[PDB]
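Chemist: Quick one, input_17.json (JSON, C-alpha atoms and all ligand atoms):
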[["chain", "number", "residue", "atom", "x", "y", "z"],
["G", 1, "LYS", "CA", -66.77, 41.12, -11.11],
["G", 2, "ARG", "CA", -69.26, 38.21, -11.05],
["G", 3, "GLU", "CA", -71.62, 39.73, -13.70],
["G", 4, "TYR", "CA", -72.94, 37.23, -16.33],
["G", 5, "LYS", "CA", -73.29, 40.01, -19.01],
["G", 6, "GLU", "CA", -76.22, 38.61, -21.16],
["G", 7, "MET", "CA", -76.30, 41.70, -23.41],
["G", 8, "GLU", "CA", -72.52, 41.84, -23.93],
["G", 9, "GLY", "CA", -70.52, 39.75, -26.41],
["G", 10, "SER", "CA", -71.62, 36.86, -28.66],
["G", 11, "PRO", "CA", -72.59, 33.12, -28.16],
["G", 12, "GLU", "CA", -69.00, 32.29, -29.19],
["G", 13, "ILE", "CA", -67.40, 34.55, -26.53],
["G", 14, "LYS", "CA", -69.87, 33.19, -23.89],
["G", 15, "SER", "CA", -68.53, 29.68, -24.72],
["G", 16, "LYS", "CA", -64.92, 30.91, -24.33],
["G", 17, "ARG", "CA", -65.85, 32.57, -21.01],
["G", 18, "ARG", "CA", -67.46, 29.37, -19.71],
["G", 19, "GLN", "CA", -64.42, 27.25, -20.52],
["G", 20, "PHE", "CA", -61.96, 29.85, -19.23],
["G", 21, "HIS", "CA", -63.73, 30.37, -15.88],
["G", 22, "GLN", "CA", -64.01, 26.58, -15.46],
["G", 23, "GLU", "CA", -60.25, 26.18, -16.14],
["G", 24, "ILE", "CA", -59.04, 29.00, -13.87],
["G", 25, "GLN", "CA", -61.07, 27.74, -10.89],
["G", 26, "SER", "CA", -58.72, 26.66, -8.06],
["G", 27, "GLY", "CA", -60.98, 24.69, -5.67],
["G", 28, "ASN", "CA", -61.24, 20.92, -5.29],
["G", 29, "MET", "CA", -64.59, 19.14, -5.11],
["G", 30, "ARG", "CA", -64.97, 19.22, -1.31],
["G", 31, "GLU", "CA", -64.02, 22.98, -1.23],
["G", 32, "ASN", "CA", -66.65, 23.64, -3.93],
["G", 33, "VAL", "CA", -69.42, 21.72, -2.19],
["G", 34, "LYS", "CA", -68.64, 23.19, 1.27],
["G", 35, "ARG", "CA", -68.89, 26.78, -0.07],
["G", 36, "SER", "CA", -72.29, 26.12, -1.72],
["G", 37, "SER", "CA", -75.77, 26.78, -0.23],
["G", 38, "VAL", "CA", -77.51, 24.03, -2.22],
["G", 39, "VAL", "CA", -76.77, 21.62, -5.06],
["G", 40, "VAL", "CA", -79.23, 21.01, -7.93],
["G", 41, "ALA", "CA", -78.88, 17.75, -9.79],
["G", 42, "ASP", "CA", -79.93, 15.46, -12.58],
["G", 43, "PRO", "CA", -79.00, 12.15, -10.89],
["G", 44, "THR", "CA", -76.15, 10.30, -12.58],
["G", 45, "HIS", "CA", -75.68, 13.16, -15.02],
["G", 46, "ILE", "CA", -75.13, 16.68, -13.58],
["G", 47, "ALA", "CA", -74.60, 18.43, -10.25],
["G", 48, "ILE", "CA", -74.53, 22.28, -10.09],
["G", 49, "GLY", "CA", -73.58, 24.20, -6.94],
["G", 50, "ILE", "CA", -75.38, 27.40, -6.03],
["G", 51, "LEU", "CA", -74.33, 29.96, -3.44],
["G", 52, "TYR", "CA", -76.79, 32.52, -2.14],
["G", 53, "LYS", "CA", -76.23, 34.51, 1.05],
["G", 54, "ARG", "CA", -78.32, 37.66, 1.62],
["G", 55, "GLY", "CA", -76.18, 40.85, 1.79],
["G", 56, "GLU", "CA", -73.09, 39.04, 0.46],
["G", 57, "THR", "CA", -74.32, 37.80, -2.91],
["G", 58, "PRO", "CA", -76.54, 40.26, -4.89],
["G", 59, "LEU", "CA", -77.72, 37.22, -6.94],
["G", 60, "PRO", "CA", -77.22, 33.45, -6.68],
["G", 61, "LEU", "CA", -73.74, 32.33, -7.88],
["G", 62, "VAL", "CA", -72.92, 29.09, -9.65],
["G", 63, "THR", "CA", -70.01, 27.55, -7.68],
["G", 64, "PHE", "CA", -69.31, 24.35, -9.64],
["G", 65, "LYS", "CA", -70.35, 21.85, -12.31],
["G", 66, "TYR", "CA", -69.62, 18.06, -12.04],
["G", 67, "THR", "CA", -70.87, 15.31, -14.35],
["G", 68, "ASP", "CA", -71.50, 11.57, -14.59],
["G", 69, "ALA", "CA", -69.87, 9.54, -11.76],
["G", 70, "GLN", "CA", -68.59, 12.73, -10.09],
["G", 71, "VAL", "CA", -72.26, 13.35, -9.13],
["G", 72, "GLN", "CA", -72.10, 10.30, -6.78],
["G", 73, "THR", "CA", -69.09, 11.84, -5.01],
["G", 74, "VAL", "CA", -70.78, 15.24, -4.85],
["G", 75, "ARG", "CA", -73.83, 13.65, -3.15],
["G", 76, "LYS", "CA", -71.61, 11.83, -0.61],
["G", 77, "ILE", "CA", -69.64, 15.04, 0.21],
["G", 78, "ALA", "CA", -72.84, 17.12, 0.44],
["G", 79, "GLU", "CA", -74.27, 14.69, 3.07],
["G", 80, "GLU", "CA", -70.95, 14.88, 5.00],
["G", 81, "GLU", "CA", -70.94, 18.69, 4.83],
["G", 82, "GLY", "CA", -74.68, 19.24, 5.47],
["G", 83, "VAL", "CA", -75.32, 20.81, 2.06],
["G", 84, "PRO", "CA", -78.79, 19.98, 0.71],
["G", 85, "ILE", "CA", -79.08, 18.37, -2.75],
["G", 86, "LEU", "CA", -82.28, 18.64, -4.78],
["G", 87, "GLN", "CA", -83.41, 16.89, -7.88],
["G", 88, "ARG", "CA", -84.06, 19.68, -10.42],
["G", 89, "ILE", "CA", -83.43, 18.20, -13.85],
["G", 90, "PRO", "CA", -84.30, 21.03, -16.28],
["G", 91, "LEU", "CA", -82.61, 23.65, -14.00],
["G", 92, "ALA", "CA", -79.45, 21.57, -13.66],
["G", 93, "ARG", "CA", -79.28, 20.99, -17.41],
["G", 94, "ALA", "CA", -79.91, 24.66, -18.27],
["G", 95, "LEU", "CA", -77.22, 25.85, -15.83],
["G", 96, "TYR", "CA", -74.84, 23.25, -17.21],
["G", 97, "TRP", "CA", -75.09, 24.59, -20.74],
["G", 98, "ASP", "CA", -75.48, 28.31, -20.07],
["G", 99, "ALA", "CA", -74.10, 29.32, -16.70],
["G", 100, "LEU", "CA", -70.59, 30.56, -16.03],
["G", 101, "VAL", "CA", -68.93, 29.22, -12.87],
["G", 102, "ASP", "CA", -68.16, 31.85, -10.25],
["G", 103, "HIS", "CA", -70.65, 34.21, -11.88],
["G", 104, "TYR", "CA", -74.26, 35.11, -11.12],
["G", 105, "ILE", "CA", -76.95, 32.89, -12.61],
["G", 106, "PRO", "CA", -78.28, 33.59, -16.10],
["G", 107, "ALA", "CA", -81.45, 35.74, -16.31],
["G", 108, "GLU", "CA", -83.39, 32.79, -17.78],
["G", 109, "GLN", "CA", -82.81, 30.74, -14.62],
["G", 110, "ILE", "CA", -83.93, 33.36, -12.11],
["G", 111, "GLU", "CA", -87.50, 31.96, -11.67],
["G", 112, "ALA", "CA", -86.37, 28.37, -11.19],
["G", 113, "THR", "CA", -83.43, 29.25, -8.90],
["G", 114, "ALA", "CA", -85.69, 31.44, -6.74],
["G", 115, "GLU", "CA", -88.07, 28.45, -6.37],
["G", 116, "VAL", "CA", -85.13, 26.33, -5.06],
["G", 117, "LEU", "CA", -84.04, 29.08, -2.68],
["G", 118, "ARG", "CA", -87.57, 29.61, -1.27],
["G", 119, "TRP", "CA", -87.35, 25.90, -0.39],
["G", 120, "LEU", "CA", -83.86, 26.35, 1.13],
["G", 121, "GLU", "CA", -85.08, 29.31, 3.29],
["G", 122, "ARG", "CA", -88.17, 27.10, 4.12],
["P", 1, "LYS", "CA", -65.98, -4.90, -27.16],
["P", 2, "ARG", "CA", -67.79, -1.71, -28.24],
["P", 3, "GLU", "CA", -71.25, -2.84, -26.97],
["P", 4, "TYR", "CA", -73.30, -0.11, -25.14],
["P", 5, "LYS", "CA", -75.15, -2.76, -23.00],
["P", 6, "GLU", "CA", -78.54, -0.94, -22.35],
["P", 7, "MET", "CA", -80.00, -3.93, -20.46],
["P", 8, "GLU", "CA", -76.91, -4.52, -18.30],
["P", 9, "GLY", "CA", -75.99, -2.62, -15.13],
["P", 10, "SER", "CA", -77.62, 0.45, -13.53],
["P", 11, "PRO", "CA", -77.79, 4.26, -14.31],
["P", 12, "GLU", "CA", -74.97, 4.67, -11.74],
["P", 13, "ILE", "CA", -72.63, 2.16, -13.47],
["P", 14, "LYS", "CA", -73.47, 3.73, -16.90],
["P", 15, "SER", "CA", -72.22, 7.07, -15.45],
["P", 16, "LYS", "CA", -69.01, 5.39, -14.21],
["P", 17, "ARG", "CA", -68.54, 3.76, -17.65],
["P", 18, "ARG", "CA", -68.99, 7.10, -19.44],
["P", 19, "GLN", "CA", -66.40, 8.85, -17.28],
["P", 20, "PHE", "CA", -63.97, 5.93, -17.41],
["P", 21, "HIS", "CA", -64.09, 5.54, -21.21],
["P", 22, "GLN", "CA", -63.68, 9.31, -21.60],
["P", 23, "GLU", "CA", -60.61, 9.26, -19.29],
["P", 24, "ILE", "CA", -58.87, 6.26, -20.86],
["P", 25, "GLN", "CA", -59.17, 7.66, -24.40],
["P", 26, "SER", "CA", -55.69, 8.37, -25.84],
["P", 27, "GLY", "CA", -56.37, 10.53, -28.93],
["P", 28, "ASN", "CA", -55.97, 14.29, -29.27],
["P", 29, "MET", "CA", -58.63, 16.47, -30.88],
["P", 30, "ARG", "CA", -57.27, 16.31, -34.45],
["P", 31, "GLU", "CA", -56.86, 12.47, -34.21],
["P", 32, "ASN", "CA", -60.48, 12.22, -33.00],
["P", 33, "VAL", "CA", -61.92, 14.42, -35.74],
["P", 34, "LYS", "CA", -59.85, 12.76, -38.52],
["P", 35, "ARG", "CA", -61.12, 9.27, -37.54],
["P", 36, "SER", "CA", -64.78, 10.39, -37.58],
["P", 37, "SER", "CA", -67.28, 10.12, -40.48],
["P", 38, "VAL", "CA", -69.37, 13.13, -39.41],
["P", 39, "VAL", "CA", -69.69, 15.51, -36.47],
["P", 40, "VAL", "CA", -73.08, 16.50, -34.99],
["P", 41, "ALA", "CA", -73.21, 19.75, -33.08],
["P", 42, "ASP", "CA", -75.10, 22.23, -30.99],
["P", 43, "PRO", "CA", -73.11, 25.35, -31.99],
["P", 44, "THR", "CA", -71.12, 26.88, -29.14],
["P", 45, "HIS", "CA", -72.15, 24.06, -26.83],
["P", 46, "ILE", "CA", -71.46, 20.46, -27.98],
["P", 47, "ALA", "CA", -69.71, 18.55, -30.76],
["P", 48, "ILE", "CA", -70.05, 14.72, -31.00],
["P", 49, "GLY", "CA", -68.03, 12.61, -33.43],
["P", 50, "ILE", "CA", -69.62, 9.63, -35.15],
["P", 51, "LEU", "CA", -67.84, 6.88, -37.07],
["P", 52, "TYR", "CA", -69.75, 4.61, -39.40],
["P", 53, "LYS", "CA", -68.07, 2.47, -42.06],
["P", 54, "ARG", "CA", -70.05, -0.41, -43.61],
["P", 55, "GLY", "CA", -68.48, -3.85, -42.89],
["P", 56, "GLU", "CA", -66.12, -2.39, -40.26],
["P", 57, "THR", "CA", -68.56, -0.91, -37.77],
["P", 58, "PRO", "CA", -71.72, -3.02, -37.07],
["P", 59, "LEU", "CA", -73.31, 0.20, -35.68],
["P", 60, "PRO", "CA", -72.29, 3.88, -35.58],
["P", 61, "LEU", "CA", -69.60, 4.59, -32.91],
["P", 62, "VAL", "CA", -69.27, 7.76, -30.86],
["P", 63, "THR", "CA", -65.62, 8.87, -31.27],
["P", 64, "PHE", "CA", -65.49, 12.01, -29.11],
["P", 65, "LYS", "CA", -67.30, 14.70, -27.12],
["P", 66, "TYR", "CA", -66.06, 18.36, -26.93],
["P", 67, "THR", "CA", -67.86, 21.31, -25.34],
["P", 68, "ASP", "CA", -68.06, 25.11, -25.30],
["P", 69, "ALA", "CA", -65.10, 26.83, -27.03],
["P", 70, "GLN", "CA", -63.61, 23.46, -28.05],
["P", 71, "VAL", "CA", -66.51, 23.27, -30.57],
["P", 72, "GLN", "CA", -64.93, 26.21, -32.50],
["P", 73, "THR", "CA", -61.66, 24.26, -32.78],
["P", 74, "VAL", "CA", -63.51, 21.08, -33.78],
["P", 75, "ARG", "CA", -65.24, 22.99, -36.62],
["P", 76, "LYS", "CA", -61.92, 24.44, -37.84],
["P", 77, "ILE", "CA", -60.20, 20.99, -37.78],
["P", 78, "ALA", "CA", -63.19, 19.32, -39.49],
["P", 79, "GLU", "CA", -62.97, 21.83, -42.40],
["P", 80, "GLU", "CA", -59.19, 21.17, -42.64],
["P", 81, "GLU", "CA", -59.73, 17.40, -42.60],
["P", 82, "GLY", "CA", -62.82, 17.30, -44.86],
["P", 83, "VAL", "CA", -65.11, 15.92, -42.15],
["P", 84, "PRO", "CA", -68.69, 17.21, -42.48],
["P", 85, "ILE", "CA", -70.30, 18.95, -39.47],
["P", 86, "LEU", "CA", -74.08, 19.13, -39.11],
["P", 87, "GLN", "CA", -76.25, 21.11, -36.80],
["P", 88, "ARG", "CA", -78.31, 18.49, -34.90],
["P", 89, "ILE", "CA", -79.11, 19.98, -31.51],
["P", 90, "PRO", "CA", -81.32, 17.35, -29.81],
["P", 91, "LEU", "CA", -79.13, 14.48, -31.17],
["P", 92, "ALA", "CA", -75.92, 16.14, -29.99],
["P", 93, "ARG", "CA", -77.38, 16.81, -26.55],
["P", 94, "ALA", "CA", -78.78, 13.27, -26.17],
["P", 95, "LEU", "CA", -75.45, 11.69, -27.18],
["P", 96, "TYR", "CA", -73.64, 14.01, -24.80],
["P", 97, "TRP", "CA", -75.61, 12.82, -21.80],
["P", 98, "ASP", "CA", -76.11, 9.16, -22.68],
["P", 99, "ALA", "CA", -73.51, 7.88, -25.10],
["P", 100, "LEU", "CA", -70.25, 6.19, -24.16],
["P", 101, "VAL", "CA", -67.20, 7.23, -26.20],
["P", 102, "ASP", "CA", -65.67, 4.45, -28.27],
["P", 103, "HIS", "CA", -68.90, 2.47, -28.00],
["P", 104, "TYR", "CA", -71.86, 2.00, -30.32],
["P", 105, "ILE", "CA", -74.63, 4.57, -30.14],
["P", 106, "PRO", "CA", -77.47, 4.14, -27.64],
["P", 107, "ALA", "CA", -80.63, 2.41, -28.93],
["P", 108, "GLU", "CA", -82.65, 5.62, -28.41],
["P", 109, "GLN", "CA", -80.45, 7.50, -30.91],
["P", 110, "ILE", "CA", -80.65, 4.96, -33.74],
["P", 111, "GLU", "CA", -83.43, 6.78, -35.68],
["P", 112, "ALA", "CA", -81.77, 10.19, -35.51],
["P", 113, "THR", "CA", -78.26, 8.87, -36.25],
["P", 114, "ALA", "CA", -79.56, 6.92, -39.26],
["P", 115, "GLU", "CA", -81.13, 10.17, -40.58],
["P", 116, "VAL", "CA", -77.68, 11.87, -40.37],
["P", 117, "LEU", "CA", -75.98, 8.93, -42.08],
["P", 118, "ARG", "CA", -78.54, 8.81, -44.94],
["P", 119, "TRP", "CA", -77.49, 12.44, -45.51],
["P", 120, "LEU", "CA", -73.78, 11.51, -45.33],
["P", 121, "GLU", "CA", -74.25, 8.66, -47.88],
["P", 122, "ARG", "CA", -76.34, 11.21, -49.94],
["G", 201, "CL", "CL", -75.31, 39.19, -13.68],
["G", 202, "CL", "CL", -93.27, 27.75, -3.10],
["G", 203, "CL", "CL", -74.45, -1.85, -28.63],
["G", 204, "CL", "CL", -84.18, 11.42, -45.81]]
Spit out the file's structure as structure tokens when you get a sec.
Ligand SMILES: [Cl-]
Ligand SMILES: [Cl-]
Ligand SMILES: [Cl-]
Ligand SMILES: [Cl-]

Modeler:
Amino acid sequence: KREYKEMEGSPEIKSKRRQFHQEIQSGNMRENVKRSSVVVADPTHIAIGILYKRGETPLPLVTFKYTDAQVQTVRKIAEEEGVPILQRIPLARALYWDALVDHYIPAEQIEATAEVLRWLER
Amino acid sequence: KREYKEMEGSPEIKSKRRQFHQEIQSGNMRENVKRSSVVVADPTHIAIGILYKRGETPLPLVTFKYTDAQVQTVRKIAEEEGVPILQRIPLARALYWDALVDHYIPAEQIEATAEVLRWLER
């Protein structure tokens, strides 16, 4: 169900899928941060949530995207909820444009997401 | 009133200003496209409206930002309304992150916006 499907469709349908999956999402900001493993950010611009739990998620999942001043609120909530936030500017930007929320990460972001998650695992 | 104010504030207040000016904007998509001189786009990702009218606008103004599938609708409306759309990927991305709607363009985008407007003037 959470498959990104790189080889299926067109750039136009990928854009429709991104908007649709964003719009159908039911969670509020705190719910989205609390269900994430880590947040990657471009400070003052973008925050992307990532969920990865071995045996539950076959691949990392993008849980949310927030922009501009919402990033300040995301950082406050993450501190309250004990969710680590990392500065990863090119990764956050690439996931912003290309990733679908509530779907596995795009193939192009595997290397960079794995680097973040090696850090998270320690 | 439409001053970007590069030297004033902080990156955090600029992010609050971007969100606020986006939220207070009253126009619908057709109204926003119709009042623009040109649209710059990253197809399937970003469309930014620019207004520049000699003697009325001291500098080009950003009129709107639309993303993902909304870009398809922007392109359809622009054709209906006779507003030219250009593919300018780095300019569209830079205005997306940094520009404030209903304010003059950021100083960093002067060179690239002027290039677009030389084209528009012909
Ligand atoms: Cl996938
Ligand atoms: Cl490492
Ligand atoms: Cl200005
Ligand atoms: Cl030229």

Chemist: Within 12 Å of (-86.7, 28.8, -6.1) (coordinates as in the file), grab all the protein and nucleic acid residues, counting all atoms listed in the file, and write them out as a list in words.

Modeler: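 Residues found, by chain and rising number: residues 38, 40, 50, 52, 60, 86, 88, 91, 109, 110, 111, 112, 113, 114, 115, 116, 117, 118, 119, 120, 121 and 122 of chain G.
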
Chemist: Please write out the residues within 7 Å of ligand CL 201 (chain G) as a list in words, counting all atoms listed in the file.

Modeler: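 These are the residues that qualify: residues 2, 3, 4, 5, 104, 105 and 106 of chain G.
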
Chemist: Using all atoms listed in the file, which chain P residues lie at most 8 Å away from chain G, written as a PyMOL selection string?

Modeler: chain P and resi 11-12+15-16+18-19+44-45+68-69+97

Chemist: Under the rule that only C-alpha atoms are counted, which of P:28, P:90, P:101, P:82 is the nearest residue to residue 49 of chain P?

Modeler: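 Nearest to residue 49 of chain P: P:101.
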
Chemist: Would you list the contacts of residue 41 of chain P as a list in words, taking every protein, DNA or RNA residue within 6 Å and counting all atoms listed in the file, but skipping same-chain residues closer than 6 positions in sequence?

Modeler: residues 47, 87, 88 and 92 of chain P

Chemist: Filtering to C-alpha atoms, could you give me those residues as an mmCIF file, keeping the file's coordinate frame?

Modeler:
data_model
loop_
_atom_site.group_PDB
_atom_site.id
_atom_site.type_symbol
_atom_site.label_atom_id
_atom_site.label_comp_id
_atom_site.auth_asym_id
_atom_site.auth_seq_id
_atom_site.Cartn_x
_atom_site.Cartn_y
_atom_site.Cartn_z
ATOM 1 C CA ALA P 47 -69.710 18.550 -30.760
ATOM 2 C CA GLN P 87 -76.250 21.110 -36.800
ATOM 3 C CA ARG P 88 -78.310 18.490 -34.900
ATOM 4 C CA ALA P 92 -75.920 16.140 -29.990
#

Chemist: Neighbouring residues of residue 78 of chain P were defined as those with any atom within 9 Å, considering all atoms listed in the file; residues of the same chain fewer than 3 positions away were excluded. Please report them as a CSV table (one decimal) with C-alpha atoms, in the frame of the given file.

Modeler:
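File written: part-v7.csv
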chain,number,residue,atom,x,y,z
P,30,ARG,CA,-57.3,16.3,-34.4
P,33,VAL,CA,-61.9,14.4,-35.7
P,34,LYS,CA,-59.8,12.8,-38.5
P,38,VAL,CA,-69.4,13.1,-39.4
P,39,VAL,CA,-69.7,15.5,-36.5
P,73,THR,CA,-61.7,24.3,-32.8
P,74,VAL,CA,-63.5,21.1,-33.8
P,75,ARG,CA,-65.2,23.0,-36.6
P,81,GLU,CA,-59.7,17.4,-42.6
P,82,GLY,CA,-62.8,17.3,-44.9
P,83,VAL,CA,-65.1,15.9,-42.2
P,84,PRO,CA,-68.7,17.2,-42.5
P,85,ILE,CA,-70.3,19.0,-39.5

Chemist: For residue 64 of chain P, which residue among P:100, P:7, P:77, P:107 is the nearest when counting all atoms listed in the file?

Modeler: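 Between P:100, P:7, P:77, P:107, the residue approaching residue 64 of chain P most closely is P:100.
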
Chemist: Between atom CA of residue 96 of chain G and atom CA of residue 66 of chain G, what distance in Å does the model show, to one decimal?

Modeler: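 Going from atom CA of residue 96 of chain G over to atom CA of residue 66 of chain G, I get 9.0 Å.
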
Chemist: What gap, in Å, lies between atom CA of residue 62 of chain P and atom CA of residue 25 of chain G?

Modeler: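 Between these atoms lies a distance of 29.4 Å.
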
Chemist: Rounded to one decimal place, report the atom CA of residue 55 of chain G-atom CA of residue 29 of chain G distance in Å.

Modeler: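 One can read the atom CA of residue 55 of chain G to atom CA of residue 29 of chain G distance as 25.6 Å.
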